[PDB]
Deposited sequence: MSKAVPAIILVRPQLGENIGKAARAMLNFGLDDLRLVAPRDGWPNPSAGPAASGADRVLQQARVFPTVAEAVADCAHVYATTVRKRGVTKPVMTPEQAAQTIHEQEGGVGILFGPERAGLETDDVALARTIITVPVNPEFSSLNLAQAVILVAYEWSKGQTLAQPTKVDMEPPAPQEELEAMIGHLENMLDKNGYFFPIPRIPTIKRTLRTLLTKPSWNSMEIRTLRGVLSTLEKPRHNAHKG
């Protein structure tokens, strides 16, 4: 149904709440915790999660990384982390494509923001997730790591003009208002002047309501 968002060794309770808020922003409620450094349940995660309180109470905690992964058929490690590699890598745009092709049992790992995924924890994954970032800075908050893969997953990738008789009357009313004030000179330039003024007004391809707004603007300006 929805990928598990497995957080590996969370350290701040505040960081757990931000990622849960990022998950519910794009429709994910499957939060899984693996040995949070302060332990679970935590109350510090509450306010940081904003209205995603349900994702926290529905969280499933596991003693080990392997127990969190036991349900899933496929494992993704988001090592946006100083490792490694020896396993195939794909961008969050590429990972979300295959997961929608896959059936079924996806689980995605995120390491701690301070230290990142540990050697044994990365080994469980069949694929590495990495966020393209410029090396000049190249480091994210863990909630920023979760929101991006959650956003690519949610993407799925699964008026009018004019009518002509009013667009004609509007261009003709403006032209007669300009023609009364001597706008169309010199005579050789007149066809060129009307072309730019027409191209000025046919370019927008504005709606019927916008044409009435134009006619009421000219009606007062002509008065």
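If you line the structure up with the deposited chain, the stretches without a C-alpha atom are 1-3, 162-170, 236-243.
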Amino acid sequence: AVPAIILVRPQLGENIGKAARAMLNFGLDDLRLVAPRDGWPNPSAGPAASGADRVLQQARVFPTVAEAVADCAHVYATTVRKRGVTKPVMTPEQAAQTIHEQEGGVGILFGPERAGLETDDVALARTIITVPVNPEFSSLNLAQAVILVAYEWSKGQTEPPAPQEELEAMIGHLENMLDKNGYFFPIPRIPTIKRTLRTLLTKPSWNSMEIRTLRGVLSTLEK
From here on, numbers count along this sequence of modelled residues.
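Averaged over their C-alpha atoms, the temperature factors of 148-156 and 126-134 are higher for 126-134. Relative to one another, 58-66 and 167-175 have unequal mean CA B-factors, and 58-66 is the one with the higher figure.
Remark: of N141, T91, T119, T78, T119 shows the highest value [criterion: C-alpha B-factor in the PDB entry]. Annotation for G182: C-alpha temperature factor in the middle third relative to the rest of the modelled chain, per the entry. In the deposited entry, the Cα temperature factor of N207 sits in the middle third of values across the chain's modelled residues. Among the modelled residues of the chain, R37 sits in the highest third by CA temperature factor in this PDB entry.
For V2, the recorded CA B-factor ranks within the middle third of the chain. Only modelled residues enter the ranking.
In this PDB entry, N15 carries a Cα temperature factor that places it within the middle third of its chain's modelled residues.
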